[PDB]
């Protein structure tokens, strides 16, 4: 249950208009770990279908969001409440990803 974001305006508008917690997967085709944690991301998106929106962002496809969101390493999962950033995890840690989604959901 994951939505692929392909531009900045569409991304900002989603965070802006979200009445749910939003989790964003910042990913890249050159990033081995990004692809390894991707199935876990998908599972969780289905395991929180009511109160959390999950997004996917390729940093080479949407350049204007990678620099603007302060992404410094990959993968990066950012968490937004009411259109405002609340948490962040860097790295393909499956356990920490679950634990951080639970914290805010």
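Positions refer to the first chain, counted from 1.
- The PDB entry records a higher mean C-alpha B factor for 6-14 than for its counterpart among 6-14 and 21-29.
- When the C-alpha B-factors of 45-53 and 75-83 are averaged, 45-53 comes out higher.
- Annotation for residue 59: CA B-factor lies in the lowest third of the chain's modelled residues.
- When the modelled residues of the chain are ordered by C-alpha B-factor, residue 34 sits in the lowest third.
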